[PDB]
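Heads up, the thing below is written out as structure tokens.
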Amino acid sequence: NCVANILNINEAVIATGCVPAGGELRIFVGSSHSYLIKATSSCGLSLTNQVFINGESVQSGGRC
């Protein structure tokens with residue numbers, strides 16, 4: 001499996017979550033917000049037809 005992490009403008013881990021193999025999971029980031037993270041065959045994290053904001057970035061926390 002793969003891990004999904006969300007960072008803020010300062011590239012600081014603000015959200016965390018787990019993502020299955022070849023799947024996707026929505027993580028909670030902010031007082032009231034969330035972002036969907038899709039895991040590719042190569043554990044590549046990416047958004048689902050959606051864009052980021054405030055510099056929100058995604059990082060692979062590693063293995064679940």
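Residue numbers start at 1 in each chain; chains themselves are named A, B, ... in the order of the structure tokens; ligands are numbered from 1 in the order shown.
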* List every residue of chain A that DSSP, applied to the backbone of this structure, places in strand (DSSP E), and write the result as a PyMOL selection string. => chain A and resi 2-7+13-19+24-28+34-39+45-46+57-62
* Mind checking which residues fall within 9 Å of residue 25 of chain A, counting only C-alpha atoms, ignoring those fewer than 2 positions away in the same chain, and posting them as number ranges by chain? => A: 4, 17-20, 23, 27, 35-39
* With distances taken over only C-alpha atoms, which of A:34, A:3, A:16, A:22 is nearest to residue 52 of chain A? ->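 Closest to residue 52 of chain A of all the choices is A:34.
Considering only C-alpha atoms, the residue among A:28, A:11, A:42, A:1 positioned nearest to residue 62 of chain A is A:1.
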